[PDB]
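**Q** Residue numbers (the UniProt record's numbering), protein chains in the order written: chain A, 32 to 337; chain B, 32 to 337; chain C, 32 to 337; chain D, 32 to 337; chain E, 32 to 337.
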Amino acid sequence: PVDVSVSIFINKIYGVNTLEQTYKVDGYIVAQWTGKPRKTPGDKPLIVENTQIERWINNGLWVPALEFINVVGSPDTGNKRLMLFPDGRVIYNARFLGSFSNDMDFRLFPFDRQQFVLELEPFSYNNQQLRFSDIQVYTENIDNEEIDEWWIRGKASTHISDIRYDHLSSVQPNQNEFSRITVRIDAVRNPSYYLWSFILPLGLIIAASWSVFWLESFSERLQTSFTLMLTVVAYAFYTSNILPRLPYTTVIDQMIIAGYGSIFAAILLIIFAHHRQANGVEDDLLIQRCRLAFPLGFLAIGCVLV
Amino acid sequence: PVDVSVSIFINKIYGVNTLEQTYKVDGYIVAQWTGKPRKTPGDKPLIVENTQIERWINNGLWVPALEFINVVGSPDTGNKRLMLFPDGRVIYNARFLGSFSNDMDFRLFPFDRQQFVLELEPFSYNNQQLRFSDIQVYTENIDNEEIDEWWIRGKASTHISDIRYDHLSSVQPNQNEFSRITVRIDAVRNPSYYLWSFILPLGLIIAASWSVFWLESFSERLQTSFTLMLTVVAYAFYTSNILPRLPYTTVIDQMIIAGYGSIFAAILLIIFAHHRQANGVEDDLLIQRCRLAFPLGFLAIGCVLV
Amino acid sequence: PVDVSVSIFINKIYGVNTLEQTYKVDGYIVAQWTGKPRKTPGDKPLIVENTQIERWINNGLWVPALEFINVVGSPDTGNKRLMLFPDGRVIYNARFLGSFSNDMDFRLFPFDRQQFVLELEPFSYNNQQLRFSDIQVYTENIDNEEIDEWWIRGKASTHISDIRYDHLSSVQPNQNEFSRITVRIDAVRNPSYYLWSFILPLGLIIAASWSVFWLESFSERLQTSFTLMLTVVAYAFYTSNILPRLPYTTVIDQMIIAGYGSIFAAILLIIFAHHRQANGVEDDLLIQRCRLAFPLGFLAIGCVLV
Amino acid sequence: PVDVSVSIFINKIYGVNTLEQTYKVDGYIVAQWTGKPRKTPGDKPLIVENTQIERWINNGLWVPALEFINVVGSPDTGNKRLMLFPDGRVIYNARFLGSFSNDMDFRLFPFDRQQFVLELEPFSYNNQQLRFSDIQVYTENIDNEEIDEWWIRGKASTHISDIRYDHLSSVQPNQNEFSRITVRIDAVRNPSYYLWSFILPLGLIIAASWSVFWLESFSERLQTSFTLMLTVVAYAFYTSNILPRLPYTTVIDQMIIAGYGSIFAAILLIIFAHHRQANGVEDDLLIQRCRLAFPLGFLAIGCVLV
Amino acid sequence: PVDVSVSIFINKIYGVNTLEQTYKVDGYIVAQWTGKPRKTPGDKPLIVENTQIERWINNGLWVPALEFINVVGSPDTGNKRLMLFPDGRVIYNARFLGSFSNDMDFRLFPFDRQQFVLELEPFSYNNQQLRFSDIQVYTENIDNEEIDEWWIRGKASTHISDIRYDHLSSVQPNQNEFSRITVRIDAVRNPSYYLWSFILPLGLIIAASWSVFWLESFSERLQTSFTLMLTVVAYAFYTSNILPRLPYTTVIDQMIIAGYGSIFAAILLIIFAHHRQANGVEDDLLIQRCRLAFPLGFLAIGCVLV
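(1) For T82(D), which residues in chain B fall below 9 Å Cβ to Cβ?
(2) Taking C-beta pairs closer than 7 Å, name the residues in chain A that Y291(C) reaches, listed in chain order.
(3) Any C-beta of chain E sitting closer than 8 Å to the C-beta of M286(D)?
(4) Which chain D residues are close to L261(B), counting only those with a beta carbon under 8 Å from its beta carbon?
(5) Measuring only between beta-carbons, confirm whether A238(B) sits less than 8 Å from chain D.
(6) Since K75(A) sits in a beta bridge, which residues does DSSP pair it with?
(7) Could you please give me the residues that DSSP links to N124(A) through a beta bridge?
(8) With 16 other CB atoms within 10 Å as the buried threshold, where does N310(C) fall?
(9) Just how far apart, CA to CA, sit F257(D) and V282(D)?
(10) Return the Cβ separation of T262(B) and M135(A) in integer angstroms, given the expectation that the two are a contact with Cβ distance under 8 Å.
(11) Verify whether the separation of the beta carbon atoms of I78(B) and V56(B) is less than 8 Å.
(12) Would you give the residue range spanned by the beta strand (DSSP E) that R184(E) belongs to?
(13) Assuming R220(A) and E180(A) form a contact by the criterion Cβ under 8 Å, report the distance between their Cβ atoms to the nearest whole angstrom.
(14) Is it the case that the region 44–62 of chain D contacts the region 186–203 of chain D, given that we only count it when at least three CB pairs across the two stretches are under 8 Å?
(15) How about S192(A): is its C-beta nearer than 8 Å to some C-beta of chain C?
(16) Rounded to the nearest angstrom, how far is the Cβ of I318(E) from that of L300(E), given a contact under 8 Å?
(17) Mind pulling the chain E residues with CB within less than 9 Å of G46(C)?
(18) With a threshold of 8 Å, are at least 3 pairs of Cβ atoms found where one atom belongs to the region 114–133 of chain C and the other to the region 189–205 of chain C?
(19) Drop a sphere of 10 angstroms on the beta-carbon of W93(B), count the other beta-carbons inside from all chains shown, and report buried for 16 or more, exposed for fewer.
(20) Please classify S228(B): is it buried, with 16 or more other beta-carbons within 10 angstroms of its beta-carbon, or exposed?
(21) May I ask which residues mark the beginning and end of the alpha helix (DSSP H) holding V263(D)?
(22) In terms of DSSP beta bridges, what is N48(A) paired with?
(23) Pop quiz: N81(B) and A96(A) are said to be a contact at Cβ under 8 Å. What is the actual Cβ separation, rounded to whole angstroms?
(24) Would you mind sorting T170(E) into buried or exposed? The rule is 16 or more other CB atoms within 10 Å of its CB.
(25) With 7 Å as the C-beta to C-beta threshold (strictly closer), list the residues of the region 272–286 of chain C near chain A in chain order.
(26) In whole angstroms, what separates the C-alpha of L233(D) from that of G333(D)?
(27) Could you pull out every residue in the same chain whose Cβ sits closer than 6 Å to the Cβ of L149(E), ignoring the five residues on either side in sequence?
(28) So is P72(E) buried or exposed if we call it buried at 16+ other beta carbons inside 10 Å?
(29) Could you tell me if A331(E) is buried or exposed, where buried requires 16 or more neighbouring beta carbons within 10 angstroms of its beta carbon?
(30) From the DSSP output, in three-state form, read off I88(A) for me.
(31) Could you tell me whether the Cβ of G58(A) comes closer than 8 Å to any Cβ of chain C?
(32) Is any beta-carbon of chain E found at less than 8 Å from that of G109(C)?
(33) Starting from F303(B) and walking both ways along the alpha helix (DSSP H), at which residues does that stretch end?
(34) Inspect the beta-carbon positions of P76(E) and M114(E) and report whether they are closer than 8 Å.
(35) Can you give me the C-alpha to C-alpha distance between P32(B) and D193(B), rounded to a whole angstrom?
(36) The alpha helix (DSSP H) that contains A324(E), what's its start and end?
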């Protein structure tokens, strides 16, 4: 039943890799908790540098290493400190830089209120409870609004929850339940580059594609149909090479499927001209009647699939 | 004849690189096995942190480091624990994140029930037997069905086998045989992006390729033949740059070979028009007869090579 | 109230990654500060190599590890030295190579007087003051003026400021205020490659785009309109693949938006020819009148958006 | 004159990077050699884990660290073992995973019987001789014949040689000569992907290039000459981006030089039509005579340059 | 005034990254210098392995760690040795593999006699002089002349210089001057791949560009002008993606600027045909007179800008 009061500084959130669904965060954890009141030599409380901590594990000072569940690997314990007060209160801060991983659903790929969920747990302590959470983001992030991608943010929002394992330990009564700190932080991507040159060639190259139907010769309309087939695969060739790649297609490239299938259906009208089953290749009066539903029958698909 | 009961937690499977044929997995191994009953100071059993383990190797506590055969290198022993009971039972868990490597046959490249075969062995112990296997996957993976690529899974399926080396040791009788834990786990890739924009331009650009035969001029049909030659190499140019690369061609690009060879054979009909050995370039009535086998003679190849 | 006099050597600034907004710097920090006058054996002052420092932390020599706030992770303490004078003055130099990160606004992307802001702080010392700053850049960097990108520089410019935390410590009176060294260094990119082949095809492919309006046939003007649509996306395909990528569009690619929208508006004039609501496709005398505002109405946009 | 008997296990050969000319190999080295007969406590011989070896260097057990000359850096000593027999025989195995580098000539780039030459040396021992070599490859590699690139192999083939340095030491008589183990292992690449879609578009795009000469108009033949110039640089654009890159051109791209130079020479015939120094652009009867040497004069170059 | 005789082995020079201006080198440093004559137990001189050196720093053996100024970071001290003679002579060799960085001017980008300048310094020793330099390159590098890029070399050329710092120390008289070993080694790149397919499409695509002027129709000449604009940006798209990238344009791509500007000036002649201010689009007799200066006025630019 040992109390722990935590505090989180957040310096930097960066580097989102979505094939792993990972990101990287930087800041300081701070643990303040009362242990046993010892004497501090001199008057000022004792301080201890990086390697010197490994002198004070030898006499068994109860310093709990606090894991991460979202992490992959082990974060670099860069610098450390023990503000050992003579009243038993211990302050322990640490710079951390780990590769964190949590679920990031892409419901709408440019505009996404996403939620980086940092956490903390005690790795080998059942009911040595984490009493007081504190999120202490203090860096001025919103001010470079056009600059920072994700950091056009809302509000810091901590939480303390509880979780219980049963298969893990042998003692099932009331000492197999871990106190879990779950510090979620929301973030919105700056969608400027993700909207300016992303779907702007997409949504109107189909609005360039309806000029093949206003042609009368199958020497000028076939090479433009081949040009329509070339430019869409050149476009799909432009897509993934910039972006962090995905095992499920983005909302942008839900319409390269249509940039196929519409021209795929336009081949049916071109061959309805070619295999016009009374005369030649010349467009019939039914082909002069689909002249309006060919531009306007495919730009009305963008408003239903969002 | 020392018993060992193991348990595996599985947190994350990710990052498949197939030029190495490797992947990365995260979780906790847990060893529970009875050694010698000592005294635990106080009433609660003894616990030991990360660096403090290296105090307890000095008095020779029998802590077996458990290797991996599928690994390349050495996995990061991030955090550790010794739940030393006074009855002699030892619990030792560890977070692991190693680059594992095992054979992954690509029989069908989008749809593949693949099998990640984690294992464990004792590195330097002959007949100190691993008695009780336990796979304990507990993370909710299926729920984000569209999101997780591989994790649309089946069932956890452990196994304990036996393997024997003979060239390795000098003692051949009954102490050169290792107990091998072989925890296989199946996984199915989410084939959405791998099917939506992968072969959809492939299987019908040939269905765009048969419009060159419905032409009468060798000024409009030659530039479209060159367009057919350009677009297939632009397509092959689109392929590998997204995908993890392969020393053996995927089932998708078994048909860029045909996207050559069909147009390669179409040059024979174009030159049968050009070198029509009685008159000029004009299509003969045999060329007006292959007008049906030219679309429909190559879309029937997709159903035999699977 | 312990005085510290610092000195910074700067050997190399390189490797700007702007998705992190990071760079890498190399040089030597030097701390000169008087502690306590001890005896030096022999006559010459004591020197101490790399690992030997960890003999002299055991007797508690007050060696302050000096952090970095711009860093991400921990820089490699390659080599070290303690010029321990018998009068108490300590000289401590160290080679450093860390990934530093600070805000780099891209107001104008080729021409940018940017400001790499190295810093230093005491990690766990409140009022042990850093008295004397000194920047000592000494490498000849300007001499290879065409060669070095950023190093066409101005002047070294140190500073000593002060910063105070209040939430951090428990003692609020006058011992929660850190002395902060903030050594800013300016740098100008060598814009040769960034100007020679960057916007030179950009600003006049629109000056190639006005030849579609001097055409009379909709068999030659439609395929050139499709060529204009192809070349702009091939250009945008050329852009990002060389450059370090950005979440906000560069000043170069503010005009691929116009390379869309101008040709997008040119489709309105082409369809004003096509849907000329008295006769056919032939250009009216209003279309023969926009022959001058079509070249010269879009090259005058480059002078307002800078 | 201390005898050493070595043994090599080979688990995996992978990851060939040819700009370094490096690869990566995995397996176990095993040293068996008799030192001094000590006592083993109990009856079973002594075993020693990873960190525990550093207790047994303190009493000066003669454990020779065995270097590698092909390596770049230092391989990861993952796990270790000392099977210390009471008769003085020492068995020491180690998992190794190093970046090895040796000369790999590319005489023929798809089909290459290459030779990975692992080695071993004593780093600081002159005439403490390595008596008995043993290569012990035991993994079933050939069975996945289509799958494994290099591992379609021949036979393991060890060797023990001798090498002498003279500039190295000061004692020149008979104690400056190192025993060198040179375990070469051959390997053949699986050339399936390297032949299926590598030169198949190469060797017959020239067989598409001879249709420009069967044209009569310089409005249809010039744009196809420009198409021939476009497609060859689009092809060269396809090449290097998949492949591991080279400072000397592969045998595949010895013919993009000809894919230039042949069309380069075809410009001479096109301008012989254009600058026909009696009349116009119309093809003379000499241009109607080179109609056969233009296809068949360049497909006969593939059989001489191999 | 302590003498040091050095010796350098050079095994491998590889991996030139020019955005850092770095490379990687492998070999052995050897220090031979007389200290104090001690006793060697037995008759043979004492040898000391890797970790065992850290027993002999404890009794304060004067082993100088020798830095590098061209390095970025810290090179991996892989293996080590102390040939401690009883006469006081110490031999210390070490394998090194560091990322070295020195200025590499690109005066001519394919053909460049470049100069890798390795160095050495004493990190914390003023006048403990490095007396005898020795470069001892011994690997057979020239023999694979087509294979090795840089290693078509000249001659090893050592040097010993002197350098003095004044701001560094407090003692200015004669003990603030470091002995600097500066072992420069020249190297010439194998220019085969850098010349075969690098500028060969460059220098004559302009020699393909003068066929637009021999056209009479503005329906065939405008689409070829657009083809000339497309192919040059497709070429520039081919360039950087293979090559190590540069903040200053290579000598190859000094002429894509001209591949713009010449066709840019050709638009002036095309519009001189179009805006021929007496009649129509038809080429005047002045346009029939620039038919010779249009091919031959731009191939004479390659011989002045080198």
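Just so you know, even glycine gets a beta-carbon here, dropped at the ideal spot from N, CA and C.
**A** A quick look at the data gives this:
(1) Position 51 of the fourth sequence, counting from 1, holds the residue named residue 82(D). Residues of chain B passing the Cβ test: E85, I88.
(2) The residue you call residue 291(C) lines up with position 260 of the third sequence. Simply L231, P232.
(3) Sequence index remark: in the fourth sequence, residue 286(D) carries index 255 (1-based). Any Cβ of chain E closer than 8 Å to the Cβ of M286(D) would place that residue at the interface, and such an atom is absent.
(4) Taking the first residue of the second sequence as position 1, residue 261(B) is located at position 230. Under the 8 Å cutoff, chain D gives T258, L261, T262, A265.
(5) Start at 1 with the first residue of the second sequence, and residue 238(B) comes out as number 207. Judged by the 8 Å Cβ criterion, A238(B) is not in contact with chain D.
(6) One-based indexing of the first sequence puts residue 75(A) at position 44. For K75(A), which the question treats as bridged, DSSP gives no partner whatsoever.
(7) Counted from its first residue, the first sequence places residue 124(A) at position 93. Its beta-bridge partners are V61(A).
(8) Here residue 310(C) refers to the residue found at position 279 of the third sequence. Exposed, since its Cβ has fewer than 16 Cβ neighbours within 10 Å.
(9) Position 226 of the fourth sequence holds residue 257(D). Position 251 of the fourth sequence holds residue 282(D). Distance from the CA atom of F257(D) to the CA atom of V282(D), rounded to whole angstroms, is 26 Å.
(10) Translated into positions along the second sequence, residue 262(B) becomes position 231. Translated into positions along the first sequence, residue 135(A) becomes position 104. In this structure, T262(B) and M135(A) do not form a Cβ contact; the two beta carbons are roughly 36 Å apart against a cut-off of 8 Å.
(11) Counting from 1 along the second sequence, the entry for residue 78(B) is found at position 47. Counting from 1 along the second sequence, the entry for residue 56(B) is found at position 25. Contact: no.
(12) Your numbering for residue 184(E) matches position 153 in the fifth sequence. Note, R184(E): premise wrong, no beta strand (DSSP E); not H, not E.
(13) Taking the first residue of the first sequence as 1, we reach residue 220(A) at position 189. Taking the first residue of the first sequence as 1, we reach residue 180(A) at position 149. Correct: roughly 5 Å between the Cβ atoms.
(14) The region 186–203 of chain D is not in contact with the region 44–62 of chain D.
(15) In the first sequence, residue 192(A) corresponds to position 161, counting from 1. With 8 Å as the cut-off, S192(A) does not count as an interface residue toward chain C.
(16) Position 287 of the fifth sequence, counting from 1, holds the residue named residue 318(E). Position 269 of the fifth sequence, counting from 1, holds the residue named residue 300(E). Taking 8 Å as the upper bound for CB-CB distance, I318(E) and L300(E) are in contact here, some 7 Å apart.
(17) The residue given as residue 46(C) occupies position 15 in the third sequence. Contacts between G46(C) and chain E, judged by CB atoms closer than 9 Å, involve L50, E51 in chain order.
(18) For the pair of segments examined, the region 114–133 of chain C was found not to touch the region 189–205 of chain C: the number of CB pairs separated by less than 8 Å stays below three.
(19) Walking along the second sequence from the start, residue 93(B) turns up at place 62. Residue environment analysis places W93(B) among the exposed positions, since fewer than 16 neighbouring C-beta atoms fall within 10 angstroms of its C-beta.
(20) Numbered from 1 along the second sequence, position 197 holds the residue referred to as residue 228(B). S228(B) sits buried, since 16 or more C-beta atoms from the chains shown fall within 10 Å of its C-beta.
(21) Taking the first residue of the fourth sequence as position 1, residue 263(D) is located at position 232. Per DSSP, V263(D) belongs to the alpha helix (DSSP H) from 252–273.
(22) Counting from 1 along the first sequence, the entry for residue 48(A) is found at position 17. Paired residues: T53(A).
(23) Locating residue 81(B) in the second sequence gives position 50, where the first residue counts as 1. Locating residue 96(A) in the first sequence gives position 65, where the first residue counts as 1. About 6 Å separates the two Cβ atoms, so the contact holds.
(24) Here residue 170(E) refers to the residue found at position 139 of the fifth sequence. Classification for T170(E): exposed.
(25) Taking 7 Å as the cut-off between beta carbons, the residues of the region 272–286 of chain C near chain A are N272, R276, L277, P278, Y279, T280, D284, in sequence order.
(26) Position 202 of the fourth sequence holds residue 233(D). Position 302 of the fourth sequence holds residue 333(D). The straight-line gap from Cα to Cα measures roughly 11 Å.
(27) Within the fifth sequence, residue 149(E) is the residue found at index 118, counting from 1. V214, listed in sequence order.
(28) In the fifth sequence, counting from the first residue as 1, residue 72(E) sits at position 41. In summary, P72(E) is exposed, with fewer than 16 beta-carbon neighbours lying within 10 Å of its beta-carbon over all protein chains present.
(29) For the purposes of this step, residue 331(E) is identified with residue 300 of the fifth sequence, where counting begins at 1. Its Cβ having fewer than 16 others within 10 Å, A331(E) is exposed.
(30) Along the first sequence, one-based indexing puts residue 88(A) at 57. Correct three-state label for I88(A): coil.
(31) In the first sequence, residue 58(A) corresponds to position 27, counting from 1. With 8 Å as the cut-off, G58(A) does not count as an interface residue toward chain C.
(32) Along the third sequence, one-based indexing puts residue 109(C) at 78. Contacts with chain E at 8 Å (Cβ-Cβ) include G109(C).
(33) As a working mapping, residue 303(B) is identified with position 272 in the second sequence. Per DSSP, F303(B) is one residue of the alpha helix (DSSP H) stretching across 287–305.
(34) Here residue 76(E) refers to the residue found at position 45 of the fifth sequence. Here residue 114(E) refers to the residue found at position 83 of the fifth sequence. Taking C-beta atoms as the reference points, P76(E) and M114(E) count as a pair closer than 8 Å.
(35) As a working mapping, residue 32(B) is identified with position 1 in the second sequence. As a working mapping, residue 193(B) is identified with position 162 in the second sequence. Between the alpha carbons of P32(B) and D193(B) lies a gap of roughly 14 Å.
(36) The residue you call residue 324(E) lines up with position 293 of the fifth sequence. Segment 324–327, the alpha helix (DSSP H) holding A324(E).
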